[PDB]
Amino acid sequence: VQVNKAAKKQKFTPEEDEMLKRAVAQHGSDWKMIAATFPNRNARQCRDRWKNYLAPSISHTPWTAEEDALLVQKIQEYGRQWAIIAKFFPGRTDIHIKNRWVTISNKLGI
């Protein structure tokens, strides 16, 4: 977050995360209204944080070797269509799938 002059990546703090979870319980998916309550956040930032990190359906367990194996197979099947591929991974979104491909492609020496 904020500085280092202003960081070009502003990370959500644990407190903002708590805030966001409350705002969603209160306003649902009205991202503009939600973001109005965050002085340094816009609608896009709140939506992304919720959808990919805070939503109760998101997995916070490490990637398993079975999941990795599925990813290599699904990418042979679908190519770089991350949103489609993420359908097959309960608790993971396209954001997670495309990050994981970088890491997997490293292990495979690609």
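Numbers for residues come from their place in the sequence shown, where the first is 1.
- Coordinates are lacking for 1 to 3 deposited residues between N4 and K5.
- Checked against the record, the higher mean CA B factor of 45-53 and 78-86 lies with 78-86.
- Comparing 32-40 with 58-66, the stretch with the higher mean C-alpha B-factor in the PDB entry is 58-66.
- The PDB entry assigns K98 a C-alpha temperature factor belonging to the lowest third of its chain's modelled residues.
- The entry lists a Cα temperature factor for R92 that places it in the middle third of the chain's modelled residues.
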